[PDB]
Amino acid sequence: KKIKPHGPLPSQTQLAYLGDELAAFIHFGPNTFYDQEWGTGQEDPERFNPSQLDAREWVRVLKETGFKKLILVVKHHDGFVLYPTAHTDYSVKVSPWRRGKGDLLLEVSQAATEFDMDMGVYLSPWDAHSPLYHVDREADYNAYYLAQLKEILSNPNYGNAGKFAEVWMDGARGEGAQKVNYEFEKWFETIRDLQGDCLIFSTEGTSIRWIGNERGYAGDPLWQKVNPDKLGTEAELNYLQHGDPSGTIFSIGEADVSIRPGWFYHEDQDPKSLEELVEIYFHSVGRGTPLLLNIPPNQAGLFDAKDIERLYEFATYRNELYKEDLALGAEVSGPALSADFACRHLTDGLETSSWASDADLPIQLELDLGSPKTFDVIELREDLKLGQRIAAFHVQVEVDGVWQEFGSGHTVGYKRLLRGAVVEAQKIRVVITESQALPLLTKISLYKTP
């Protein structure tokens, strides 16, 4: 009497990203030396000349502060390519950096390989430099885009031991004779050919989509699934933000946020406060989706000291948050499908195990912590190997012998962190009120915020 799957099932790579939670973007290039956000394609390669670039420093700090993947911008809008591409002369080849022998993608890949940091790349579809970037040279431009994809993803010296985990692309394009058409499908085919199950963020129906929110905040609900016919560059932002309750492909709505107002380094900018980073975390990772956080190196080729300190503060916040699971080993009562799907699985500390029930909704789970504990966060997780299901739930707590509401939500997904006013309680209920199929949970935890 097995539990049948519901909805589209995530790939192993999609589940890996969801589990990894945190990725870093790196914006570094001509724009850094021109103090700007968006280049013209006429920037002087002579100006690309960082005094003391240390990619190993980038990677080491990222790894130490909890990031599991690093996506490197290899060619932004300006079209300046940060590795010595065979396919254009507008690259590091003609810059003074490393006596003109530099390869930023190689230097980051070497470092990332040493630290087992997953790798991704961005090459801007919209290219302000390339003479091929015109409606009348579209086939030519696409062949150029494709050739660089091939150049990067085929070279075993690029990547984390030759492997890329995410290719990232937007869909923006010029106007008039610059309104170039992208051969997205041929690009995705190339990616799969060269890097197999590598995730793709795009505007089309790939494994990752944009969350569609500039602040990095997930919608509520957040279904990690979509109908591919409702995406493209004209996709509705509300649709990206919530996903589709009847979506037919598993899709991660990635939250992309810069640690500063701009994506490139600007001296008169500062990293987001710990407070703001914490809010973003709860509204992204705490809603079941990864945070991709941009950190821009300065003109010296180094992360800003304020930004480095902030990442350590953020890592310390998270490590303190999760230090004590106040629900671990609590007694649970409620309906359960079988012994294999017992209530005790919710707090047993095992990744092997889950709870499930086909009882009529609402389903009530009650935890007895065994002594009064002080908390302000509850975490719930579904088993997405059987598909996303829960659509509404609420949480109640017994405070001084009287039941009161703690918080409520809609989707759970891979992981939901729900904050409430701090309480001291010994008993808690999780009540599932709506679900697309019979609910499972793999874990209920409780924490106190630092």
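Don't overthink the numbering: it's just position in the shown sequence, from 1.
(request) Going by the average Cα B-factor in the PDB entry, point out whether 409 to 417 or 32 to 40 comes out higher. (result) Taking the mean B-factor of the alpha carbons in each, 32 to 40 is higher.
(request) Taking the mean of the C-alpha B-factors per stretch from the entry, tell me the winner out of 390 to 398 and 45 to 53. (result) Mean B over CA atoms: larger for 45 to 53.
(request) Sort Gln195, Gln110, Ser258, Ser246 by C-alpha B-factor from the entry and give me just the highest. (result) Among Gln195, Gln110, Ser258, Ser246, the highest C-alpha B-factor in the entry belongs to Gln110.
(message) Using only the C-alpha B-factors in the record, can you name which of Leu72, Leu293, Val278, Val332 has the highest?
(response) Max CA B-factor in the entry, restricted to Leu72, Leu293, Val278, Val332: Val332.
(message) How does the C-alpha B factor of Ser207 compare with the rest of the chain: lowest, middle or highest third?
(response) As the PDB entry reports it, the C-alpha B-factor of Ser207 lands in the lowest third of its chain.
(message) Taking only the Cα B-factors deposited for this chain, tell me whether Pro5 sits in the lowest, middle or highest third.
(response) Within its chain, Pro5 is a middle-third residue by C-alpha B-factor, going by the deposited values.
(message) Split into thirds by Cα B-factor across the chain's modelled residues, where does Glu382 land: lowest, middle or highest?
(response) CA B-factor rank for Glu382: lowest third.
(message) Could you place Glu254 in the lowest, middle or highest third of its chain by Cα temperature factor, using the values in the record?
(response) It falls in the bottom third of the chain.
(message) Test of reading the entry: by CA B factor among the chain's modelled residues, which third contains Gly120?
(response) Answer is lowest: the recorded C-alpha B-factor places it there.
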